[PDB]
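**Q** pasting an experimental structure, sequence included:
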Amino acid sequence: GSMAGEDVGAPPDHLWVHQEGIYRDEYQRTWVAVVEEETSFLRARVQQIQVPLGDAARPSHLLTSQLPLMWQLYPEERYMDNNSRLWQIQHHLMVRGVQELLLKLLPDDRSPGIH
C-alpha cells in the first residue's frame, strides 16, 4: 500500500534470483537486490531495473544466503523465503517505472562473519 499515487497493481508475488545480486519478477523484469542492516534486522532493498537475462548459477547467493534463492509474497505485506524465514515489507513502491521494494528479514541469529 506504500505505492501511493504511482501504483503498481501488485508487488512481485515471487522474486527468483537469476543473476549476481539480481532477482527476476513474475512480470519477467529484473530486480537488483542490495542490503543494509538495522538494530535487529537485515534489510534487502530490491530495485527493479532492466539488465540482460543470463542465468549466473548463483555462487554468490548460496555463499551469502542472507538474501534467498526465492522470495514468496506473504500476508500482512511480508515475503517468505525458500529458506523458511520471513522478510517484512518496509515498502513496495515505484518511481518513473523503477519499482523499489524494502524487504526486512525478521530477527535472525546474526553471527559474526557469516549468518
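**A** Arrived safely. Residues are numbered from 1 along each chain as shown.

**Q** next one: residue 69 from residue 37, what distance?
**A** In this view, residue 69 and residue 37 are 21 Å apart by CB to CB, to the nearest Å. (C-beta placed from N, C-alpha, C; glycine too.)

**Q** the two: which has the busier surroundings?
**A** Neighbours per residue, other CB atoms under 10 Å: of residue 69 and residue 37, the larger number sits with residue 69, 15 against 11.

**Q** skipping adjacent residues, who's closest to the residue nearest to the spatial centre of the chain in space?
**A** When CA atoms, centre = their mean is applied to the chain, the residue found nearest the centroid is residue 46 (4.7 Å). Distance criterion CB to CB, 6 or more residues apart in numbering; nearest residue to residue 46, sequence neighbours excluded, is residue 101 at 4.3 Å.

**Q** ok, residue 18 next?
**A** In space, residue 18 is closest to residue 24, 4.6 Å off (CB to CB, 6+ apart).

**Q** same deal with residue 7?
**A** Nearest residue to residue 7, sequence neighbours excluded (CB to CB, 6+ apart): residue 94, at 7.7 Å.

**Q** what does the helix or strand hosting that neighbour contact?
**A** Here residue 94 sits within strand 86-95, counting by DSSP states H and E. By CB atoms under 8 Å, 6 or more residues apart in numbering, the residues outside strand 86-95 that reach it are 2-4, 6-8, 11, 43-44, 48, 71, 74, 76-81, 99-106.

**Q** if anything else comes up later, I'll come back, but that's it for now.
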